[PDB]
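Read through the structure below, which is laid out as structure tokens, and then see the notes.
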Amino acid sequence: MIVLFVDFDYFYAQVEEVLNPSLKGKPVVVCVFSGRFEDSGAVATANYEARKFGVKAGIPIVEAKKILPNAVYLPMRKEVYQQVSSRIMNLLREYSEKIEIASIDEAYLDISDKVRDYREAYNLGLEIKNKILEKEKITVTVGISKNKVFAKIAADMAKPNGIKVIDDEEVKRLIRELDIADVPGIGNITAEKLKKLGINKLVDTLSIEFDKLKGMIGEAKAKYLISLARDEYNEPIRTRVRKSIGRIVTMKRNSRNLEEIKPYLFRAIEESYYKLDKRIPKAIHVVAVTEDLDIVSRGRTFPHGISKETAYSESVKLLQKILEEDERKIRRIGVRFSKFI
DNA sequence: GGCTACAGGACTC
DNA sequence: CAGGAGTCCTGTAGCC
Ligand SMILES: Nc1ccn([C@@H]2CS[C@H](COP(=O)(O)OP(=O)(O)O)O2)c(=O)n1
Ligand SMILES: [Ca+2]
Ligand SMILES: [Ca+2]
Ligand SMILES: [Ca+2]
């Protein structure tokens with residue numbers, strides 16, 4: 001198989017520049033303002049000019065400002081970025097019927113039936129890059145390899161505005177050398193453990209006893225790493241169908257008083273229903289982010305679709321459950337709907 | 001034993 | 001000083 005993965009560069013920030021070219025050359029930080037106080041909130045992303053200096057997704061806005069007080073801080077305008085994203089995805093659809101839209105920012109294309117080899121694949125990549133540039137003036141990075149994992153890794157290595165191929169031989173190389181923490185799906189926790197029995201690289205999962213790997217990280221993850229190490233990983237590029245839709249908001253102050261939380265919970269329900277559009281869910285979960293930043297949830301599944309009215313009453317019951325079984329105070333509250341008809 | 005629901009864990013962008 | 005959205009896996013307990 002030949003997979004070509006596309007990753008839009010610093011997407012949110014770049015869209016902002018496209019819309020306001022004077023931002024070009026400046027550090028731009030896209031933020032999610034929470035409303036608690038002057039600049040409370042976090043960074044969603046930032047462009048290369050801000051990133052070179054340590055401004056990264058997730059850090060507090062206030063901290064980012066300590067680092068770059070004269071950078072341009074803009075509020076996230078997701079609806080805008082989604083519109084630009086949709087237009088770009090449609091352009092990619094022209095290069096292949098088998099396409100997987102992984103997120104607002106990434107897409108995987110199985111171009112096996114399009115090119116006979118990596119030379120042609122690379123050229124196809126150039127072609128896509130230029131098309132996107134000429135139509136939307138957005139730069140992207142292309143990664144090409146035998147499966148999704150290594151195509152993604154390829155682009156991680158080449159961004160921004162790059163393109164890169166990883167042949168069978170580098171796959172083998174990578175398997176020996178590549179930091180196993182740099183493998184998609186391996187986070188700090190998990191990595192700690194694999195760079196905890198000398199597994200420091202993919203190849204190491206092959207020699208370790210299996211029940212050992214699996215005792216640390218679980219069966220699915222071990223299998224996954226092993227399959228990659230054997231260079232036998234294969235996952236089909238398939239149309240992604242949304243499985244849940246929800247909304248979560250940060251409350252002005254923490255609380256565990258029901259009447260004080262309700263308004264937030266209710267607004268989250270309203271916005272969620274809106275996004276549902278024509279989908280009818282049978283399951284509803286109320287999600288709470290506690291004062292220590294821990295996540296708790298309670299859900300219920302019905303044998304029929306959930307009306308907005310049933311959503312309202314059922315959410316209050318689930319929220320009560322949360323409160324009555326966790327003595328912590330809540331900081332963020334939302335709902336997530338799933339199991340669509 | 002293995003399938004279901006549910007709740008927590010971990011990861012990704 | 002810590003926002004928003006979405007996915008997959010796993011432990012536990014009921015049930016066949
Ligand atoms: N913690 C995060 C991480 C990422 N994002 C969003 C999701 S889509 C948007 C894309 O930004 P970039 O292209 O700058 O991110 P990278 O592709 O470089 O990782 O980043 C976000 O909102 N919060
Ligand atoms: Ca990305
Ligand atoms: Ca990106
Ligand atoms: Ca990692």
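Only this structure's heavy atoms are used, side chains among them; waters, hydrogens and symmetry mates stay out. Reminder, nothing fancy here: chain letters follow the sequence lines and each chain counts from 1. Ligands are counted one by one from 1 in listed order, and the atoms in each one are counted from 1 as well.
Of the candidates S85(A), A155(A), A44(A), the one placing a heavy atom closest to atom 4 (C) of ligand 1 is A44(A). Looking at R51(A), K56(A), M76(A), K159(A), it is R51(A) that brings a heavy atom closest to atom 18 (O) of ligand 1.
Of the N and O atoms on the side chains of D326(A) and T290(A), not one donor lies less than 3.5 Å from an acceptor on the other residue.
Only the side chain of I104(A) comes within 4.0 Å of ligand 1, counting heavy atoms alone; its backbone N, CA, C and O stay farther away.
At the shortest separation from atom 7 (C) of ligand 1 among protein heavy atoms lies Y12(A) OH, 3.9 Å. Among all non-hydrogen protein atoms, the one lying nearest atom 11 (O) of ligand 1 is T45(A) CG2, 2.9 Å. Counting only heavy atoms of the protein, atom 13 (O) of ligand 1 lies nearest to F11(A) N, 3.2 Å.
Here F150(A) and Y233(A) keep their ring centres 6.0 angstrom or further from each other.
Rounding to the nearest 0.5 Å gives a distance of 12.0 Å between CZ of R119(A) and CG of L124(A). Note: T141(A) OG1 to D7(A) CG = 6.0 Å, rounded to the nearest 0.5 Å.
Cluster partners of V28(A) are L23(A), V72(A), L74(A), counting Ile, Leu, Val, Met, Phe, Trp and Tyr whose side-chain heavy atoms approach within less than 4.5 Å, directly or via other members.
Contact between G246(A) and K275(A) at its shortest, heavy atoms only, is O-NZ, 3.2 Å. When every heavy atom of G25(A) is checked against every heavy atom of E49(A), the shortest pair comes out as O-CG, 3.7 Å.
A donor-acceptor pair under 3.5 Å links the side-chain atoms of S86(A) to the main chain of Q82(A), judged by distance alone.
Using a 30° and 60° split on the angle between ring planes, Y12(A) and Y81(A) fall in the parallel class, below 30°.
Within the 4.0 Å heavy-atom shell around ligand 1 one does not find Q14(A).
Ligand 1 places these atoms under 4.0 Å from at least one heavy atom of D7(A): 17 (O). The contact set between ligand 1 and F8(A), taken as ligand atoms under 4.0 Å from a residue heavy atom, comprises 13 (O). Residue-ligand proximity, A57(A) to ligand 1, at heavy-atom distances under 4.0 Å covers atoms 1 (N), 2 (C), 3 (C).
Inter-residue side-chain proximity for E79(A) and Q83(A) is flagged as unmet; no heavy-atom pair is nearer than 4.5 Å. Looking at heavy atoms from C-beta onward, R230(A) lies in side-chain contact with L206(A) at the 4.5 angstrom threshold.
Around the Ca ion (ligand 2), the protein atoms of type N, O or S that sit closer than 3.0 Å are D7(A) OD2, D105(A) OD2, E106(A) OE2.
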